[PDB]
Amino acid sequence: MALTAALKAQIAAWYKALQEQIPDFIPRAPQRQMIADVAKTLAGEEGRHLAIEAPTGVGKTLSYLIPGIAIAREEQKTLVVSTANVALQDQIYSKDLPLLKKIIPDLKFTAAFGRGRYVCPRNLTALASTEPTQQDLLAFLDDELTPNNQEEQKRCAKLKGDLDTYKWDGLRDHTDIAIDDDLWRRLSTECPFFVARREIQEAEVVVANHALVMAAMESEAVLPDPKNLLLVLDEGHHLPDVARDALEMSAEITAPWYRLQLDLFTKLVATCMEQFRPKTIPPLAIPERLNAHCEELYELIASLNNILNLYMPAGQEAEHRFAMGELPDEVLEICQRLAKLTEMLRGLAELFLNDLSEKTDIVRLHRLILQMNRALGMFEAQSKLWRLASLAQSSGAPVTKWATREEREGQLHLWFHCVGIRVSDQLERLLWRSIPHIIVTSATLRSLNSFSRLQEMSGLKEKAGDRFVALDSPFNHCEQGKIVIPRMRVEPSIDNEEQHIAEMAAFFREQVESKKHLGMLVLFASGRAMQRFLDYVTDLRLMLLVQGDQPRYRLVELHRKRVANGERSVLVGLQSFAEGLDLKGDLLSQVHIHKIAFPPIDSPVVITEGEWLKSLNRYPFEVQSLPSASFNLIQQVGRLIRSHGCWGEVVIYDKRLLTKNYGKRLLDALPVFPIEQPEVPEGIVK
Amino acid sequence: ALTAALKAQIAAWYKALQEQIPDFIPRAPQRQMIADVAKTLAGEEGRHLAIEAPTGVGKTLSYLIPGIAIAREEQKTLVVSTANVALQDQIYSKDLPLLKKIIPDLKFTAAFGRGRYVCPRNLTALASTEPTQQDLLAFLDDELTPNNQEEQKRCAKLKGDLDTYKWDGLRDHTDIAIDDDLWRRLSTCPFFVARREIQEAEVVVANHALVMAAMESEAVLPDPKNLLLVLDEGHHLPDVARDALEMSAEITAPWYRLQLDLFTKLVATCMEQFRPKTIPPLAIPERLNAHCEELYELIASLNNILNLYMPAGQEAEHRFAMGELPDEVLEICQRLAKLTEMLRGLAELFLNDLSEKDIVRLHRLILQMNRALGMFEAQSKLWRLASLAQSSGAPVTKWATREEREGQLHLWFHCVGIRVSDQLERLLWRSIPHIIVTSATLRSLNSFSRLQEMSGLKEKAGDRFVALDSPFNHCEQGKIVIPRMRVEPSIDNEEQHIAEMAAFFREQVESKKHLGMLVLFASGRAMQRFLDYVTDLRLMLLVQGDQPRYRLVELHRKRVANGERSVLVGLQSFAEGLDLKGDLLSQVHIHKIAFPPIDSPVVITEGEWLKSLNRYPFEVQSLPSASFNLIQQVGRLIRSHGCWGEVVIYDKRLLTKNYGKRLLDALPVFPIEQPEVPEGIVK
DNA sequence: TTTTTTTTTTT
DNA sequence: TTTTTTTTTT
Ligand SMILES: Nc1ncnc2c1ncn2[C@@H]1O[C@H](COP(=O)(O)OP(=O)(O)O)[C@@H](O)[C@H]1O
Ligand SMILES: Nc1ncnc2c1ncn2[C@@H]1O[C@H](COP(=O)(O)OP(=O)(O)O)[C@@H](O)[C@H]1O
Ligand code: SF4
Ligand code: SF4
Ligand code: BEF
Ligand code: BEF
Ligand SMILES: [Mg+2]
Ligand SMILES: [Mg+2]
């Protein structure tokens, strides 16, 4: 419970070694506060988890890293630091942690990423063949990867050498060679993914992202045991959303495909029995029983195909969302029985998998193990899906339910989808009650000056011993920067995107001509808006580092290097650069914000949530839209001031901050800045 | 900190005490210990304080005065814990009353385990129900029925003294004899009255076992953060700790199959009738059944493996050397730890859900779930320890026992860490802000390293280690009398040696030079045997086992005060904290050097681990505790300036053997006389 | 009452 | 080096 004397001493010595390690170190009261509270929670002195809000630039990273590393070493535990995206992962791994390793020269830290971001060596080799192709029928059936053209081949040769000259580690984000979305789909499914994941076991600090932490809690195969984990959820305000996205379930239900899956599974169970018989035979493994079971399950799937197909236009890609997540009684009945039958088949598959796997006819057995694993995976998905479709509520809210008919290989496949609108109870099972003590931190945790929204979405509760701390900002923003809202003619509506982007490009272009700022950042709410904006500043492309051209944090580095040379450099990007990115002083003195980032509203889950909110007589704009845009605006504005020596301005090109009823509330959530309103040149939409 | 108001207050109380003790003689180490205990308890000087003061210095008042002052200034409960119930009673009926005069608003209570309280229901049944004559209907019911009428009458006078408020309900606080069988039936409302008194008492007088339990089952004491804790006779703490931290759980395969079947059916019935609005994955029937099957198969395998180590179909035992399990058994234990921990969590979750939630049926399910939780708590802790290779830098003792109860055999698995320093660190040292550990025997070979290694108290943590001096003039105040026993106190000579000791003792009584005597034995066997030679002296003997211990002490004091000779005879409980100044005790008879029994699986495994660390087990486990024991025993005699008399030690190995020097050198310097012994007539 | 539109990650 | 069974609790 109580912090040891060795531990407090160790934290104090490291934190003091910081004064000599940041030569321009200035004491920060909230940093000290957050060190103490983080130490208390992680060491098990006062409560379960800590949701601690500390404003942008306070220095939260070192605030949780220092105590976390101390307690990890003393307790022989693993500190897991999770952030919102790979760019912020890279920043912790490449900038914060190395600075801390100057103070702790034996610190061992790694970063963890999902398998999909790692290049596959077989695909890379095939993609980097000098003599690539024939347009053979043989080639068409043998469609192992071909280098589309010669320059792309050259890319793959470069990446292939740089893998073997060890510049590249295997991750899409960790090379300077730009790679295409489709080319990455080709490149990525001993190998870099396993040599990367091996380092987790011996690392004291693992830098992950929230998606990977969610998958890790449910898989239970990527991180160490939860009881041996110290977990910090940096930029924690994204956890519910990520959790909701992690717990979405989708499975194919196309009846002929489903019947074939059941046929194969029957055949596979029987062959396991005849070749590697278990000691006790599962009742469900008896052939008459097993295909009685499979026949009932198939007929249920066929009827659900008929029913769902009556909703959608025959023979076209389509979708149908059930309002309020309420299924018709017949469909719910079917779902409940499918949950039963697919769970039973899942359990049978798991049983055979364990039996075969314990047996470790080695090659024959390995083939059967892989097959049984694939069947097990399929029934796992099924079971989760139908158990979710059968719920009338989950965490006090409906479950979004919808079906799609989508195309692959010229064939339509029927898919069914379920998403819990609220997810708190699942967070309780996967994180809150599984990890002894967790830090949830961010500069934007409170909504309307309350932890109420967060408590509703995450499930964290005072009654369970969760603490909620709101810290102050040490910087005097009015003495360091200014918010500038140009008097644009057009609000950034939907009818005005071209006009507004052209007027923004014009003003921006004079700010570049002003030569007042070597370091600037341009932030957009959508890729389309950004790509559209780049059409107006083409003559400037040499000075721009744009998200998409090189991996995000490699762009950040290039920016740091140019600004250090007295060169004008402009970062252009999206959400990844709008949050957590740390550019001190001259590295970022002018931030351009394209818009208020109101979230998109077209998803089945978001509109089902909207109808549920309205059924509870709550306004969806107030609940699901305005806080998202407020939080985003606070983070974006927060890119500017990172120190008492930071300086400059935040241009916000959304006149609605003064124009609409919600503009006052948005500005009130921000740090206090003087506001200037300069005039705008003519915007020539092209 | 130690404010001026608090210094003055402690000062003033210690001032009034001089008038309440008119035999007062100034005691320097007493003053020192008072200042150190106040400093530590107020937080001024580190974390915890291990302070050794010699026997009789007056430690009780030394820690009581600062503790009460500081506890009162703030809003803390001073928990005074000592080694046994007899010492609890001595603090409660003697010392605390003595400074309650000075502080007439002082509130103090004693806390004991639930086992020491009578269940008023059971007492009522036994007193108000005639013995049944042999009738199956009576047998089938197995209602509490007194074996005979004598027993019924005695339960009736126990109930009369209870309801007349003449008996507090504690086994130790009535003079009516109660054998272990009858107390087993009388006990499970006095217990809740005692706990309520804990809630607003300024001083709570406990024992070490109850503190340990309070630290793991967090319900007997208040929030640790609001506690001041003194551990009187603290040299017992590691042992208590070790004994409390032993985990055992049944693993009988048929029994285990039964328990898993019941838990499965119980979970399903909860699901069907009080479904929690969130289903835990493990509660899905296909998964809970797969889980329980795997668990059962592991338990059956473990049963087979262990049955290979133990004598065939009988009461048996098997201990794993060095606490190292065969690799297959380690694998099984690790998997059992996971599986039982998961089932424990599921039972807890369901208990929480039912509990937060059709009163009669649901109450029934809640009690069933709480028992299931209990069973899986025991299992998961046991396997978690069985899985460890080391705890607190030492092996984990691991062994299985097969015992018979009602015509069937039960298989049990037991684990106990040999060192518990880290567990004491997590449960005590890091849980209470400031703790006094005090005793007359804290150092061993004139160093605090033994206590440091056993307890986990360390300087690094800001724990202080103080050794005070004795004011008393032992050489000018008493003698060590070692008679020339013909036979050593070995094993095939015990009858002979007890007959000689009885003869010498009998002449010491016939001399009439001592009004107060204490006879101390190392075993109940030896004491009972020696009593066979003094039956004619029975009327002046007060013997442990005949009345509760401290009530024997009180009778002893009354008789001695009225000029009648009195002889206390007892064991460990009379050997340590007992205080009899002056006339109450001028002759102490020590039967033996109390070397500890070397019989425990834990003690054997410790012996071989010491050996593998190239340490002589005699030097670490037997001799130091014999020295502490002898020092404490000898320390019963001299309690003051003007105390007088002698300590007869009937173990001639203090002169014959080579550890004799070291035992004698560790005592206060006493002249040693070696008188002749009468012939020993073996009865 | 109010109002709003597409980022990021992993399975 | 040599030792041998008290006490208390969940
Ligand atoms: N006491 C301090 N003095 C000076 N710079 C600091 C101090 N603490 C942190 N920093 C640096 O100031 C910036 C703080 O930013 P960061 O930790 O990214 O803030 P946030 O809390 O938004 O994550 C970083 O560059 C960090 O290295
Ligand atoms: N200053 C003193 N002078 C004389 N007797 C004292 C003094 N202080 C305490 N005593 C008494 O001496 C006896 C021994 O004290 P006690 O606390 O039993 O010693 P120990 O330190 O071994 O526990 C008690 O009766 C106590 O009240
Ligand atoms: S293992 Fe994953 S990465 Fe290595 S080759 Fe097979 S697929 Fe490509
Ligand atoms: S003690 Fe507890 S159980 Fe025994 S009677 Fe009083 S209340 Fe009922
Ligand atoms: F809150 Be900081 F800008 F990451
Ligand atoms: F040290 Be005293 F005998 F309690
Ligand atoms: Mg940050
Ligand atoms: Mg004492």
Side-chain angles (χ1 to χ4, degrees), chain A residues 84-87 113-117 209-216 218-219 222 238 241-242 245-250 377 380-381 493-494 524-529 573-576 578-579 596-603 606 610 619-622 624-626 628-629 632 660-662, chain B residues 83-86 112-116 207-214 216-217 219-220 236 239-240 243-244 246-247 374 377-378 490-491 521-526 544 570-573 575-576 592-600 603 607 616-619 621-623 625-626 629 653 657-659:
Chain A
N85 63 56
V86 174
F113 303 90
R115 192 189 182 100
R117 319 192 85 79
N209 57 66
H210 301 337
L212 180 69
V213 171
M214 286 303 158
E218 189 246 315
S219 293
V222 10
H238 287 296
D241 284 359
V242 173
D245 287 348
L247 308 174
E248 169 179 350
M249 299 311 315
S250 271
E380 260 165 14
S493 292
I494 200 55
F524 291 91
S526 73
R528 150 194 30 101
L574 312 163
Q575 164 57 231
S576 314
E579 218 159 287
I596 294 166
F598 280 110
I601 227 68
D602 67 318
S603 92
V606 175
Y619 203 56
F621 177 73
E622 282 285 340
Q624 73 193 172
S625 259
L626 196 68
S628 203
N632 179 244
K660 319 273 282 172
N661 32 291
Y662 49 74
Chain B
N84 63 60
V85 171
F112 305 94
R114 181 124 198 196
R116 324 197 76 77
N207 54 68
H208 297 344
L210 185 70
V211 167
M212 288 313 313
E216 244 292 303
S217 319
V220 354
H236 289 299
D239 298 74
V240 171
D243 281 355
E246 176 189 331
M247 295 302 147
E377 258 159 10
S490 182
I491 193 51
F521 289 86
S523 69
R525 181 198 61 258
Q544 195 176 324
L571 319 164
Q572 180 60 231
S573 313
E576 285 202 300
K592 261 194 55 177
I593 304 175
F595 281 111
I598 193 176
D599 190 47
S600 306
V603 169
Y616 202 55
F618 182 80
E619 214 81 34
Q621 59 194 19
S622 249
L623 182 96
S625 81
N629 230 300
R653 289 169 288 172
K657 297 298 188 179
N658 73 338
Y659 49 72

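Sequence lines set the chain letters: A, B, ... in the order given, protein chains first and strands last, and positions in each chain run from 1.
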May I ask you to evaluate whether B:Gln544 reaches the phosphate of D:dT7, defined as a side-chain N or O under 4.0 Å from OP1 or OP2?
yes

Please determine whether a side-chain nitrogen or oxygen atom of B:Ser573 lies at a distance below 4.0 Å from atom OP1 or OP2 of D:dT7.
yes

Could you tell me whether the side chain of A:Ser526 has a donor or acceptor atom within less than 3.5 Å of a complementary atom in the base of C:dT6?
no

Within this structure, what is the CG-to-P distance between A:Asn632 and C:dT8, rounded to whole angstrom?
11 Å

What about C:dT4 and C:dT5, stacked or not, using centres under 5.5 Å and planes under 30°?
no

Look at the side-chain N and O atoms of A:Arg115 and state whether any lies under 4.0 Å from the OP1 or OP2 oxygen of C:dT11.
no

For the pair B:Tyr659 and B:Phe618, name the ring-plane relationship: parallel under 30°, tilted 30 to 60°, perpendicular over 60°.
tilted

Specify the separation, in whole Å, of atom CZ of B:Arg525 and atom P of D:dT6.
8 Å

Measure the distance from CG on A:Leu626 to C1' on C:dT1 and round it to the nearest whole Å.
15 Å

Between D:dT3 and B:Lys592, is there an OP1 or OP2 to side-chain N/O distance shorter than 4.0 Å?
no

Would you indicate, yes or no, if D:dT4 has its OP1 or OP2 atom less than 4.0 angstrom from a side-chain nitrogen or oxygen of B:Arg653?
yes

B:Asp243 atom CG is separated from D:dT7 atom P, nearest whole Å, by 14 Å

Atom-pair distance (CZ on B:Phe618; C1' on D:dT2), nearest Å
5 Å

Treating A:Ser219 as the side-chain partner and A:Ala216 as the backbone partner, does any N or O pair qualify as donor plus acceptor under 3.5 Å?
no

Please confirm whether the shortest side-chain N or O distance from A:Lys660 to OP1 or OP2 of C:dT2 is below 4.0 Å.
no

Do the six-membered rings of C:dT1 and C:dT2 pass both checks: centres under 5.5 Å apart and planes under 30 degrees?
yes

With stacking defined as ring centroids separated by under 5.5 Å and planes differing by under 30°, is B:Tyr616 stacked against D:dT1?
yes

Assign C:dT2 to north (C3'-endo side) or south (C2'-endo side) according to its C1'-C2'-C3'-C4' torsion.
south

Taking C:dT5, D:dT8, D:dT1 as options, the one with an atom nearest any side-chain atom of B:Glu619 is D:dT1

Length of the line joining A:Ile494:CD1 and C:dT4:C1', which is rounded to integer Å
10 Å

For a quick check, tell me whether the side chain of B:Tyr659 and the base of D:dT2 share a donor-acceptor pair closer than 3.5 Å.
no

Interatomic distance where CG belongs to A:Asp241 and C1' belongs to C:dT7 [whole Å]:
11 Å

Give A:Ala597 one of three labels, base, sugar-phosphate or nothing, depending on what nucleic acid heavy atoms sit under 4.0 Å from its own.
nothing

For B:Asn84 and D:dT6, is the shortest distance between a side-chain N/O and OP1 or OP2 below 4.0 Å?
no

Using only side-chain N and O atoms of B:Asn207, determine if any of them is under 4.0 Å from OP1 or OP2 of D:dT7.
no

Looking at the side chain of A:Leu212, which of D:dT6, C:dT10, C:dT8 is the nearest nucleotide?
C:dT10

Distance-only donor-acceptor test, A:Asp602 side-chain atoms vs C:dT6 base atoms, 3.5 Å
yes

